[PDB]
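Taking the form deposited in one PDB entry, here's one chain by itself in structure tokens.
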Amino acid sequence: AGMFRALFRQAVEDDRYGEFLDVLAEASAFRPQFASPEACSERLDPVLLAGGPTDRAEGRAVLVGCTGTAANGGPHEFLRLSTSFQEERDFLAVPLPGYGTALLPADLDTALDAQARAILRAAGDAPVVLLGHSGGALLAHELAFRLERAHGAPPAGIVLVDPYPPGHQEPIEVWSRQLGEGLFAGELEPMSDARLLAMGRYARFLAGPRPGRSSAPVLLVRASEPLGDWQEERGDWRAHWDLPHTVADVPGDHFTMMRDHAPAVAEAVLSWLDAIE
């Protein structure tokens, strides 16, 4: 396939994941982009992946999965987790613009507006709870705030699954290689060069200074097993968020928490939603 994928595979083998992510971000600058939400390529129509109880569909929060940055991801991302929401809550997955041709966002705000427009449309008057994993968790928070500040519509809550925000993603750097190896282990097919570019541009967006903090209550869900050797003399390897409303620990690592242990993620969510309501 593409040269970017082959270069990345080598960088990962050489333990230079971070360096190549910078190269992707620089190269993404030369892709055509959209400078206004209404100029976005794709239909950002959210897909219904689970349906809540018909007896009670009116006043209850609906869940919206915020697709993460992984170049190997897309519509498969919340398949496993969503199953556990069937007959409990509507679960809607919103695509991240610029993936599976597609113009890349000029800046993050522009992408977030396009998602906001599409989520408000599908959700209607139901309160929204945003959910994301890993970089998708950082995206879920930036979206929540944008919704509050730019659209005057704060979500009723945010579920952040293993967020590593700037100021404390040191374990994520030490686990760099395992992170890169995890991208390759997860491909159902070769990651396209265009999607690697989109990943690099978003990673760069997410490293930048974004001081807006959402007023929505946060559930912080954390992996219980380390992805790699750590050694706690350095401090905590675990995911972090400032002042969470509730924290739930679940089995598995940064990656396995979302597959084999997805039901435990779902159970903490459902239980947190009942309390909040």
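Each residue number is its position in the shown sequence, starting from 1.
This protein has a second form, the form deposited with a small molecule bound, left out of what is shown; the following refers to that one.
Enquirer: Would you mind picking out the stretch of 140-148, 176-184, 84-92, 115-123 that comes within 4.5 angstroms of the small molecule in the entry with it bound, counting non-hydrogen atoms?
Expert: It is the stretch 176-184.
Enquirer: With the partner absent here, would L219, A262 and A264 each sit within 4.5 Å of the small molecule in the entry with it bound, counting heavy atoms only?
Expert: Spot residues vs the small molecule: no contact at all.
Enquirer: Answer yes if any heavy atom of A207 is within 4.5 Å of a heavy atom of the small molecule in the entry with it bound; otherwise answer no.
Expert: Result yes; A207 sits at the interface with the small molecule in the entry with it bound.
Enquirer: In the entry with it bound, does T67 come within 4.5 Å of the small molecule, counting heavy atoms only?
Expert: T67: no contact with the small molecule in the entry with it bound.
Enquirer: How about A102 - does it come within 4.5 Å of the small molecule in the entry with it bound, if we only consider non-hydrogen atoms?
Expert: Looking in the entry with it bound, residue contacts with the small molecule do not include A102, since no heavy atom lies within 4.5 Å.
Enquirer: Can you tell me whether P97 touches the small molecule? I mean in the entry with it bound, with a 4.5 angstroms heavy atom cut-off.
Expert: No, no contact at 4.5 Å.
Enquirer: Pick from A156, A194, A203, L108: which residue has any heavy atom within 4.5 angstroms of the small molecule in the entry with it bound?
Expert: Exactly one listed residue reaches within 4.5 Å, namely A203.
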